[PDB]
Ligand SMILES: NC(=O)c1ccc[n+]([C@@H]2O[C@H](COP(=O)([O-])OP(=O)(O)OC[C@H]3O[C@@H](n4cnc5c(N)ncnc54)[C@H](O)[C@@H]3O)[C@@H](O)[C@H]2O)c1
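Listed next as structure tokens is one chain, alone, in the form deposited without the ligand.
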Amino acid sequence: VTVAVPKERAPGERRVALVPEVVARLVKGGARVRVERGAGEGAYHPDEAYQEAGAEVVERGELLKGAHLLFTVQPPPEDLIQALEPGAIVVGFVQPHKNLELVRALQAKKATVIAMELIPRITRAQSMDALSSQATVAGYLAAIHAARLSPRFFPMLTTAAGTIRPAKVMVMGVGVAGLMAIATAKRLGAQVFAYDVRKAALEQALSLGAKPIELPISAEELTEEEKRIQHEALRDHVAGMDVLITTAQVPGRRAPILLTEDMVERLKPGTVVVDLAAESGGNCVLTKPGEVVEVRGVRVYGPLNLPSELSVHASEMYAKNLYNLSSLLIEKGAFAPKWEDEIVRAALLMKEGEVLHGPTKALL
């Protein structure tokens, strides 16, 4: 098997689909790897370090010559698509809704793509979950940015000039990203609170030292009347916060509004919102994606591409995810795609140009 690795082109993308250490392991297992000149520069991995790992550092669009497996972060642009070579498998993030044009080009070229956002949440696939690994990065950076943006200390502090209270941080949406925001805001010494409609998620928060927000109806269909009492109770909680980190996203849908116009009016001047849901529209009505705005003294930040900010580790984890996915793409140095495997069945978005996952057929 020969595995190709492109230099990412999407504006502001700094990650690389494989890193040198991972490349070595693929080589030591009998695989061959070609890496575009400069592909790991965003992640501080020089061409020489790849060569050392046994890769040949080729020129772009010489890249797909050998060509059994194309490993990307973002979906491949057209220059690469055209260069595919029949029977090749594309493996990376696809995001049909964000990159429809490139998706229609992949099927027109009759290509085969395993979509990374489509890895199933089963335990056997945990080590392959790139959404999770990238969400961890995003979570960590959410918290760091919350501290950079806030005009107060996160930790409680005593000096000869007195003592200062710790900051009050609420994380809303306690999935993988939110858990790491909790872990990181807690490390910095903030009082941290957690809001999620699911009890299991809230138990995870409690475990990391976050105080769950308890609403009049408890975590696990609801009346318009019951919604109102939840809303008013959450509103009072949010008002008392020094920082809000919102992470609630729903695949192929607009993000839910969790920070409502009337909720935002009650935030004190000097509060910070780090809205991780900006990519799909934002959990907060104030948020302008990719920007930091300030209204009524409320600093609101909607980061896109946090993973690419932490490019060294984001790439390392992602590289490992792909390597771990490889055991079902590669057998004994050979190209042996386990088509019958549930992971591959769930993640295989198209085979020879035919679209195998419903919603993607609809958009096209």
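A residue's number is simply how far along the shown sequence it sits, counting from 1.
One more form of this protein, deposited with the ligand bound, exists but is not displayed; see below.
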Item to check | residue 212, heavy atom within 4.5 angstroms of the ligand in the deposited complex | outcome: no
Checklist entry - With the cut-off set at 4.5 Å between non-hydrogen atoms, does residue 197 touch the ligand in the deposited complex? => result yes
Item to check | is_contact(residue 251, the ligand) in the deposited complex, heavy atom dist at most 4.5 Å | outcome: yes
Next on the checklist: Taking the ligand as it sits in the deposited complex, is residue 258 near enough to touch it, meaning that at least one heavy atom pair lies within 4.5 angstroms?
Outcome noted: yes
Checklist entry - Taking 121, 174 and 247 as the candidate spot, are all three within 4.5 angstroms of the ligand in the deposited complex by heavy atoms? => result yes
Checklist outcome for this item: Of the candidate stretches 290-298, 267-275, 100-108, 189-197, the one with residues having heavy atoms within 4.5 Å of the ligand in the deposited complex is 189-197
